[PDB]
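Next up, structure tokens for two forms of one chain, structure 1 and then structure 2.
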Structure 1
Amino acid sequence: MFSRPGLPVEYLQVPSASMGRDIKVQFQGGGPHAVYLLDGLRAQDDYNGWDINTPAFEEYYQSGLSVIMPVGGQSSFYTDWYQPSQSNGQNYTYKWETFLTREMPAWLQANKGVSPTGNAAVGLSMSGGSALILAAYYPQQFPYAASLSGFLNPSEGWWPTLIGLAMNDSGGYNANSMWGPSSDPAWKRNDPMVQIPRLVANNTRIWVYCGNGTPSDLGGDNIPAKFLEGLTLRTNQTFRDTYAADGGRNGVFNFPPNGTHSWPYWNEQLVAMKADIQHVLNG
């Protein structure tokens, strides 16, 4: 849990005009290019889950890369929502894509000397897909994206229902307020599987971790674990195969037999990809 004392970790308050509030960002300056470490479904407002559960700051200290951990955004999918969640009295609209792609990089450039371009987005659970979507639509910002136990085909089959159940359980957030009903174009727009051709066209460097066993942040009380595990396996296989079929050739896939959907394995992936990110971003 957390990193060793004495590191140059700063707790920053970054204004978001789109959300009408400051967003807390934990930051370790270490070079003009950065790794954006995105949190999972149950993201809290005190610390990013990467900091709470891993020594990520310590691991990337003196790596030649800055580390950016935005704080907050429970159940947000790091996306721009249509409107506030109508199930929990949310009193503003999540605009996390606007924050991550416009507001935050402008502020970090002016205040911390971080380049708005040539960075990596690394996500897990909820934010695995977010990382891939950010790279799909903002390739200059994110030539590198990692999805660790992400939801790779959120618009397909039972996934919109299962994601909705999880979002409601995680703070009472309503998926309808986010991307509309499952027939709405926003579901396909934000679906990594559907956006494979963008990832291929831009030659995004992708790193995908597939986990085994008990699901992370998925479905609800009614859903049998085995059913969910089977859906996850088949969706992951479909993503890897479709990426290849669509001409993708810049993706590193990871499926260790003992790997689970858990912080120790997500951290192992973060450690494993460090040299890769250094090479891609810094030469």
Structure 2
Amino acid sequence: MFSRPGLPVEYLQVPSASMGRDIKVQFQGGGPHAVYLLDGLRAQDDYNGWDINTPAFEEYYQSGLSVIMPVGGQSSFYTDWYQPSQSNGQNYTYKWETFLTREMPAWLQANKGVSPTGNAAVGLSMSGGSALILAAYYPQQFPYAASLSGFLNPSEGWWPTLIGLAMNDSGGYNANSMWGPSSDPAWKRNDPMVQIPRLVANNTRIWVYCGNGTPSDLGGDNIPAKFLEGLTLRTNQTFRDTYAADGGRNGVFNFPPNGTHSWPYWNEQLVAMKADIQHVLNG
């Protein structure tokens, strides 16, 4: 969308006792509360997708909010896996939920003064659901969560199968090593749709977005991007319906007649939610 720098962006090495390795984290200070920008399915080990494809850091510079971009975790869904991925030779078990909710916040608090509470989890595609799940089980840390083109009903119908195929295509990861067979309780535990009651109880402020598959001049005009957005939109519409039916009253639902499963649109939403996050996290 556009690079950015001249800005105070740091590259940190945060030890993960649970994963037995150091996790690289891109960071821009600016306030005690932060926006956790989670990556997509094809998360790389060099830079977080938001920095690679958008002016995210530049857009939140001097916003009164710090920006945290963890790096890595391809096809991890930012969850704690049952075991190492039985397929691509992963020699350790992904424990990203533990990292994001315990190890990383403790590190940032001790060394930089970033508050472990009152933050926002923002995810897209793969991590859209993850952000909502984090808010569902860790309300103190995440009173705010945004899901951009997320897959909000992972345990339903063919989603477990499709997620498995996508994970295999992205680094050869195995969904079975993550949450087990589709019949395993882990699938429902991490299903935003199923956890709506928790988001209601917590009074989580949620920002849910999803395009309809029709590209605009912003780009992302390709079959995969168009089909994926159109498909998951159905899940997002049902999430919205269920949220309301369950008593939900603190959400923003953006379902415009455009947008594909691509970065330009996720960046547009990141900008649009800035004021919303500022007012919710900084009163």
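For residue numbers, the reference is structure 1: its sequence is counted from 1. Rigid core (definition): largest C-alpha set, two forms, superposition within 1.5 Å.
K.L.:
Taking the rigid core as the reference frame, tell me whether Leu37 has a CA displacement of 2 angstroms or more between the two structures.
P.N.:
No, the C-alpha position differs by under 2 Å between the two structures.
K.L.:
Return yes or no for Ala56: a CA shift of at least 2 Å between the two structures, with the rigid core superposed?
P.N.:
No; that C-alpha moves by less than 2 Å between the two structures.
K.L.:
Could you check, with the core superposed, whether the Cα atom of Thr214 shifts 2 Å or more between the two structures?
P.N.:
Moves: yes, 2 Å or greater.
K.L.:
For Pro256, give the CA shift between the two structures in Å, the superposition being done on the rigid core.
P.N.:
Displacement of the C-alpha, rigid core superposed: 1.4 Å.
K.L.:
Could you state, for a rigid core superposition, the Cα shift of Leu165 between the two structures in Å?
P.N.:
It moves 0.3 Å at the C-alpha.
K.L.:
What is the C-alpha shift for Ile223 between the two structures, rigid core superposed, to one decimal in Å?
P.N.:
With the cores aligned, its C-alpha sits 11.7 Å away.
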